[PDB]
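J.: These protein sequence lines are chains A and B, in that order.
When we follow UniProt numbering, the leftmost residue of the first sequence carries the number 2, and every step to the right adds one.
When we follow UniProt numbering, the leftmost residue of the second sequence carries the number 2, and every step to the right adds one.
C-beta atoms are modelled at their ideal positions from N, C-alpha and C, and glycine is treated no differently.
Protein chains: 2
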Amino acid sequence: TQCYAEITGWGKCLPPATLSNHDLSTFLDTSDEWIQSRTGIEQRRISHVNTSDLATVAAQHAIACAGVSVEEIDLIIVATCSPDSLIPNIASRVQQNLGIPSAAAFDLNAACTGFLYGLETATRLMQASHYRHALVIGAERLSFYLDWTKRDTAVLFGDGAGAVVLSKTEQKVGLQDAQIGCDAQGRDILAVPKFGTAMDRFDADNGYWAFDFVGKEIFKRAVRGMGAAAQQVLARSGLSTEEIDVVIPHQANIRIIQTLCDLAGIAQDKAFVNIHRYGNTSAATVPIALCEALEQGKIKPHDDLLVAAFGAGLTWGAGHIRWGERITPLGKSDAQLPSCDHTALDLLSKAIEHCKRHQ
Amino acid sequence: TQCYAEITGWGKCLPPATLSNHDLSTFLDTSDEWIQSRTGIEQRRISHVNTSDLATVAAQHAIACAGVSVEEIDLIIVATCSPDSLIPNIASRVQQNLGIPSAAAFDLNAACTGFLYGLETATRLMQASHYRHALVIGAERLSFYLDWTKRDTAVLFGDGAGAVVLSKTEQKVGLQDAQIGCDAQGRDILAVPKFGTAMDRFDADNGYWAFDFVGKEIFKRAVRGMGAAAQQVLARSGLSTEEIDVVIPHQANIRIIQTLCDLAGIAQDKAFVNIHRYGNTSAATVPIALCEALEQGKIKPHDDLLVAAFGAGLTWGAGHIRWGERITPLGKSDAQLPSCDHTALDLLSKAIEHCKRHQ
Ligand code: NA
Ligand code: NA
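(1) For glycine 12 of chain A and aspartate 304 of chain B, what's the separation of their Cα atoms in angstroms?
(2) Answer yes or no: do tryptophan 149 of chain A and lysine 357 of chain A have a C-beta to C-beta separation smaller than 8 Å?
(3) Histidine 321 of chain A by DSSP, collapsed to three states: which one?
(4) Pick helix, strand or coil for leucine 348 of chain A, following the three-state DSSP scheme.
(5) With DSSP run on the structure shown, which of helix, strand or coil describes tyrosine 209 of chain B?
(6) Is DSSP giving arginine 45 of chain B helix, strand or coil here?
(7) Run the proximity test for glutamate 354 of chain B: is its beta-carbon closer than 7 Å to any non-hydrogen atom belonging to ligand 2?
(8) Once the 5 residues before and after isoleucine 257 of chain B are set aside, which same chain residues still bring their CB inside 7 Å of it?
(9) Along chain A, which residues have their Cβ under 9 Å away from the Cβ of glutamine 128 of chain B?
(10) Unbroken alpha helix (DSSP H) runs of length 4 or more, entirely within the region 40-104 of chain B: which are they?
(11) Given a cut-off of 8 Å, decide if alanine 229 of chain B and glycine 139 of chain B are closer than it, judged by their beta-carbon atoms.
(12) Between the region 299-318 of chain A and the region 227-245 of chain A, are three or more C-beta pairs nearer than 8 Å?
(13) To the nearest whole angstrom, what separates the beta carbons of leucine 331 of chain A and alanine 67 of chain A, a pair I think is in contact under 8 Å?
(14) State yes or no: is the C-beta of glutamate 244 of chain B nearer than 7 Å to some heavy atom of ligand 2?
(15) Ignoring anything shorter than 3 residues or poking outside the region 153-237 of chain A, list the beta strand (DSSP E) runs there in chain order.
(16) With DSSP run on the structure shown, which of helix, strand or coil describes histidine 303 of chain B?
(17) Looking at C-alpha atoms only, which residue of B:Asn281, B:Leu29 and B:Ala272 is the closest neighbour of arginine 152 of chain B?
(18) Is the closest heavy atom of ligand 1 to the C-beta of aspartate 178 of chain A under 7 Å?
(19) Beta-carbon within less than 6 Å of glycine 266 of chain B's beta-carbon, same chain only, minus the 5 sequence neighbours each way: which residues are those?
(20) Can you check the region 251-288 of chain A for any beta strand (DSSP E) of at least 3 residues that lies completely inside it and give the ranges in chain order?
(21) Assuming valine 58 of chain B and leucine 291 of chain B form a contact by the criterion Cβ under 8 Å, report the distance between their Cβ atoms to the nearest whole angstrom.
(22) Could you list the residues in the region 95-113 of chain B with a C-beta less than 9 Å from some C-beta on chain A, going in chain order?
(23) What is the DSSP secondary structure of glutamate 326 of chain A, counted as helix, strand or coil?
(24) Does the distance from the CB of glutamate 141 of chain A to the CB of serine 70 of chain A come in under 8 Å?
(25) State whether the region 186-194 of chain B contacts the region 233-253 of chain B, with contact taken as three or more CB pairs (one from each stretch) at a distance under 8 Å.
(26) On a CA-only basis, which of B:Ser103, B:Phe212, B:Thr154 and B:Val165 is nearest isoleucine 328 of chain B? Give me that one, please.
(27) Give me the chain A residues within the contact set of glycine 208 of chain B, using Cβ-Cβ distance strictly less than 7 Å, ordered along the chain.
(28) How big is the Cα-Cα spacing for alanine 285 of chain B and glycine 161 of chain B?
(29) Does the beta carbon of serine 93 of chain B sit closer than 8 Å to a beta carbon anywhere in chain A?
(30) Buried or exposed for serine 238 of chain B, please, with buried defined as at least 16 other CB atoms from any protein chain shown within 10 angstroms of its CB.
(31) Nearest chain A C-beta to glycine 228 of chain B closer than 8 Å, yes or no?
(32) Within a Cβ cutoff of 8 Å, which residues of the same chain sit near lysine 271 of chain B, ignoring the five residues on either side of it in sequence?
(33) Beta-carbon separation of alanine 129 of chain B and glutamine 128 of chain A under 8 Å?
(34) In whole angstroms, what separates the C-alpha of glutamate 296 of chain A from that of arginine 323 of chain B?
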């Protein structure tokens, strides 16, 4: 008997400390004019807490939004490439924080495509086996990684988390067809090769790692990768392009999003965009954007959503989500991060000082 | 129409440098007598290459064993908690090394239960969607993490990789029912909290991290977790315990494996054990053990396998695999690691010196 994973809960956690384009302009040869025109980004958030904490708050909001009890959750996937720790995983920390008993809990790493990978994986696990409710979270603290002397990457990335709760049903809703993949031959153009077990653990300079980033090749391959994936999704599902009501894309560059819509013949005003506020938050982009699309009344019952993402790997993906009946939360959560009496510059102060002094 | 993921290929990669119990005895207050009697471990392997390289060789062997071409692989999961890098993932590095086009590729972290999680995930992905062949790899270089002044953990862990290839079929083979989970309340008893984004990136002492490990509580919870999971698997499948032909367990302690069989009423001689040779290789234990069980003629066509694992999280799992017709490789691979003209003590020399000098 055919089953589905309906998205019944959504939630986000953006940390409060805000790094503006002008803030970056004080310690870097860049400008608000260049950044906003090339990328669309105006602000990003910088976390004063760990990735697991951002993930926990978003999940709390999603659970309240779904009206599910913690004892109903059977599966927790955290999509991240910036986990607090590797032993143990941070899906288990989120589980511990929420008091969810027994659920399967793992971290998934597919970089910026991680939430799509996670939604796909959770959806298939639910359809093929005995998982009735899932929590899928994209959460990142990319500020940990940045080279504060390197303008090419330092202005692109932010911190945050988004979550969904999935509920098993016989109604034809949630993620339908999905096409995810990886173009591995281009792996080297977007990489931090020396954070991980490849790094020299006892070298005192091991913190001063390179963030390889070939913006132009990334731009080109992302358009092509997402584009092809979206076409496969639309083709297999028998949908005309006008039947897509909303695009929820990965938020890496506004011009990538525009080019994607243009080449697919999707009207620009169907794309939800919040990159101006948050920047590229990797695995978090899609579920935050989905959460806010719902908050802002952009999605209607029964809408067809196109999701699309791309990332280091080079990972890629697209998916068709058919929304159900409810675009309103069942409940609200007063869950919050601890207060932060610091600016974004204050938080990055030490890291910036070290990066400049080492150069 | 009901589909299955048959295990058609298996492979392993053990690095050649061998750390004996006596080797550990020279720089640590421990002995071969204590280690072998408490844990069963006599030797472990210490890698001279990165995790991705171990994963690549095992995958190569598995592909040759399955007789599949690299263009047929649709999905690559690497289970690891010791990846070379976080950006990008190492599933993509394995993909790049093998020349596999387009496949979905992600890293999964559920610590020592990672391979079970990965097998489950790949199997459900294949059953519910359009993935025809998968590569699932457990790969670890745990020697990166160890505190060479701490005997409690330094003698338990080794390096290695194991892989399987899965092929979609209508025959009722491969992983059948599976029960995976996580008991998150005991998360703090097995942890390296300060490797990851929680660590101070610019502290020169950030390499001297604690490896928290409460052996006794871990022992007790592992028996109970795996035991309960195995019972659920057996119960749901309508199998009597005598119908299990082989147990392929996680290899963390021989006494855990024995207790598991004892309490389930499974005969001890059905458990495949190689912990004496390799130690605890985390996500790699199960697929290396499976690979060697097949190499050594322990598995017959149509056998029922019980798999069980446990790990940091505390993650846990069990699964029933029904084997198919073939226990022999279709082909062999001459794929090898680069030669290593060093001992295990030679390789660890620098790390050991730093750990001792810092104390
Ligand atoms: Na429609
Ligand atoms: Na049998």
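T.: So, to answer that:
(1) Their Cα atoms are separated by approximately 46 Å.
(2) Cβ distance < 8 Å, so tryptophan 149 of chain A and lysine 357 of chain A count as in contact.
(3) It is a strand residue.
(4) Here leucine 348 of chain A sits in helix by DSSP.
(5) Secondary structure at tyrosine 209 of chain B: coil, using DSSP grouped into helix, strand and coil.
(6) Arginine 45 of chain B: strand per DSSP, three-state reduction.
(7) No, the beta carbon of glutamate 354 of chain B sits no closer than 7 Å to any heavy atom of ligand 2.
(8) So the qualifying residues of the chain are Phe220, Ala223 and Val224.
(9) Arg125, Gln128, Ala129 and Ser130, listed in chain order.
(10) Qualifying alpha helix (DSSP H) stretches, in chain order: 52-67 and 91-99.
(11) Not closer than 8 Å, so no.
(12) As far as the Cβ criterion goes, the region 299-318 of chain A touches the region 227-245 of chain A, which means the pair count is three or higher.
(13) At roughly 6 Å, the Cβ-Cβ gap stays under 8 Å, so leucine 331 of chain A and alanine 67 of chain A are in contact.
(14) At least one heavy atom of ligand 2 falls within 7 Å of the beta-carbon of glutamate 244 of chain B.
(15) Counting only runs of 3 or more, we get 160-170 and 175-183.
(16) Coil.
(17) Put simply, of B:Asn281, B:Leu29 and B:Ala272 the residue whose alpha carbon is nearest the alpha carbon of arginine 152 of chain B is B:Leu29.
(18) No, Cβ of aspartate 178 of chain A sits at least 7 Å from all heavy atoms of ligand 1.
(19) Contacts found: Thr242.
(20) The region 251-288 of chain A contains no whole beta strand (DSSP E) run of 3 or more residues.
(21) That pair is no contact at about 16 Å.
(22) Here the close residues are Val95, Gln96, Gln97, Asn98, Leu99, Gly100, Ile101, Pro102, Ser103, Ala104, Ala105, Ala106, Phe107, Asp108, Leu109, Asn110, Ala111 and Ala112.
(23) DSSP places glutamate 326 of chain A in the coil class of the three-state scheme, outside both helix and strand.
(24) No, these two residues do not count as a Cβ contact at 8 Å.
(25) A contact is defined here as three or more CB-CB pairs under 8 Å, and the region 186-194 of chain B fails this definition with respect to the region 233-253 of chain B.
(26) Put simply, of B:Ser103, B:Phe212, B:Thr154 and B:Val165 the residue whose alpha carbon is nearest the alpha carbon of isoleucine 328 of chain B is B:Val165.
(27) Annotation: Cβ neighbours of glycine 208 of chain B in chain A (cutoff 7 Å, chain order): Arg202 and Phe203.
(28) It is roughly 6 Å from the alpha-carbon of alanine 285 of chain B to the alpha-carbon of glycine 161 of chain B.
(29) Cβ-Cβ to chain A under 8 Å: yes for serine 93 of chain B.
(30) Counting other Cβ atoms within 10 Å of its Cβ, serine 238 of chain B stays below 16 and is therefore classed as exposed.
(31) With 8 Å as the cut-off, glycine 228 of chain B does not count as an interface residue toward chain A.
(32) Setting aside the 5 residues that flank it on each side, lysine 271 of chain B is surrounded in the same chain by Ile245, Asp246, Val247, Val248 and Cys262, each with a C-beta closer than 8 Å to its C-beta; the list follows chain order.
(33) Yes, the Cβ-Cβ distance between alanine 129 of chain B and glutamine 128 of chain A is below 8 Å.
(34) Approximately 47 Å, taken between the alpha carbons.
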